[PDB]
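This is what each chain is made of:
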Amino acid sequence: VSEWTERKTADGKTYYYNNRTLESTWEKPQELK
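Residues numbered from 1 in each chain as written, not as in the entry; some residues may be left out. Heavy atoms only, no water.

For this deposited structure, the header cites solution NMR as the method used.

Written out as structure tokens, the structure reads:
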């Protein structure tokens, strides 16, 4: 399942955090793009 949860921070950034692999990236995976 897409464990990619997008947290939109008031800092003005939406980083996609994968709650399965504990992956935190500032660029949305191919699942989103």
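Now that the structure has been shown, we can carry on.
### Points about the sheet that holds strand β1 (residues 4-9)
Overall, antiparallel pairing links the three strands, which are arranged β1-β2-β3 in an open sheet. Both edges of this open sheet fall to β1 and β3 (23-25), since each of them pairs with a single strand only. When strand polarity is set aside, the average angle formed by the axes of neighbouring strands in this sheet is 25°. (Pairing = 2+ DSSP bridges. Helix = DSSP H or I, 4+ residues; strand = E, 2+ residues; numbered from the N terminus. Axes fitted to C-alpha atoms, helices over the stretch in contact; angles between N-to-C directions.)

### Quick word on the pattern of salt bridges
Overall, the coordinates contain four salt bridges when judged by the stated rule. Measuring nitrogen to oxygen at the nearest pair gives 2.6 Å for the salt bridge that ties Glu3 to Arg20. In this pair, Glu3 sits in the segment before β1 while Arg20 sits in the loop between β2 (13-18) and β3, placing the two residues 17 residues apart along the sequence. On the basis of relative accessible area, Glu3 is assigned to the buried category, the value being 17%. (Salt bridge = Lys/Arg side-chain N within 4 Å of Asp/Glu carboxyl O. Buried < 20%, exposed > 50% of the residue type's maximum accessible area, 1.4 Å probe, protein only.)

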